[PDB]
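Given next are two forms of a protein chain, the same chain in both, each as structure tokens and marked structure 1 or structure 2.
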Structure 1
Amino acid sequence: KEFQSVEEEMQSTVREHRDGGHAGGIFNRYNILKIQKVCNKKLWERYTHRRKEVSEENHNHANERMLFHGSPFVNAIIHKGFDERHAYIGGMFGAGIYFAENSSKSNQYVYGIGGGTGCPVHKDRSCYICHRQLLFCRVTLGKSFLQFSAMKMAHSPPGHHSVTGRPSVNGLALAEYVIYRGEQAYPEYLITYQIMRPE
């Protein structure tokens, strides 16, 4: 049930990408191989401690969401947690940690920025063979700053706890959520999957 709901979120949030599959590959669905719940007590406590602080600063509301994250460094994240020190000013919203509500958007980052050179074995961004991993995360957004265009931030805007990138004509196709403190996300589920060749 718990894993069926994670599988459903993974499958149902897939969208057709503007890049025609360049970064993440060509697919309409995934072959979900495994869903593992990450139980890291020290990371969970770091997350809940920050979540309580953010709630107190946001009218007793953490504004928590379950969001996807794609990265070549999922193993390091599950053990050491998210780390803003690995985030640099180059992204659309600057030096933050980025999440998506659409699994296929996070899938574009699994092998690096713009999909990098794809899977290590075949150097294929559309590899249907190699097993990929995504995280489905608990993310504390708190008072989230709504933004449409590029705004290179080092930290959350004054009085805020995150940035939400909203879709716009000359901007984003899909939403994205950005935190600037690693302790504001917990890597709750590790999903192992393949993208599937369209029928």
Structure 2
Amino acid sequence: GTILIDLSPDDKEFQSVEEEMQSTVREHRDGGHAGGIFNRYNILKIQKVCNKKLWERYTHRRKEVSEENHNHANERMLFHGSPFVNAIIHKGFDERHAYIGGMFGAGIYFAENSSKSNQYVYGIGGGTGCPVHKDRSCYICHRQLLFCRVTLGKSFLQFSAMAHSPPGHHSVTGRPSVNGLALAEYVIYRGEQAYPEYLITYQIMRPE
């Protein structure tokens, strides 16, 4: 059911997606251990992910959340990095894409910082890095992130340094409470609350 449509770099939609990728890079407390050392990316391709059935599954659930929250879905566009990006774009998000050991419990994790989602592209903690060179900071191999439409509804605010939502909430927000430069991370507990709208193929760039 999934088709991928390439965006032209001249397309304003390519440009606005690239800009959210680039402008949400930050330094990480592991010194680049999980995701590598870089201040920016080389964007190779941006594709729109089109699947009617998965879209309708998303919008069905979005309406449900919206009616439970004074007609406010509290929809965001957020990054997701995963070893399973290929399964996700073809079959949707579900429990097999959950971060069982995540700090806000077993759910599907998203980030405002593209560089945070980058840390998960090759697995939790970056795994063993790229399959070809075993390098978590590989500047050669092609990486992929998803830029996703995510329904948060009523989000439980956790201040801080698969399962269910907390009662009366549709998601969890992990608010950064130590690293003043960190953006928020979010967790949903239902695959139907995200749609993987853009597939972004890129390299991290070695700083000069």
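When a residue number appears, read it as a position in the sequence of structure 1, where counting begins at 1. Only the largest set of C-alpha atoms that superpose within 1.5 Å between the two forms is called the rigid core.
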Note to self: Can you tell me which of these residues, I26, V38, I35, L172, is the one whose C-alpha shifts by at least 2 angstroms between structures 1 and 2 after a rigid core fit?
What the structure shows: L172
Checklist line | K80 C-alpha moves between structures 1 and 2 by 2 Å or more, core aligned | finding: no
Checklist line | Core-aligned C-alpha movement of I89 between structures 1 and 2 reaching 2 Å | finding: yes
Check: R50: how far does its C-alpha move between structures 1 and 2, core aligned, in angstrom?
Finding: 0.2
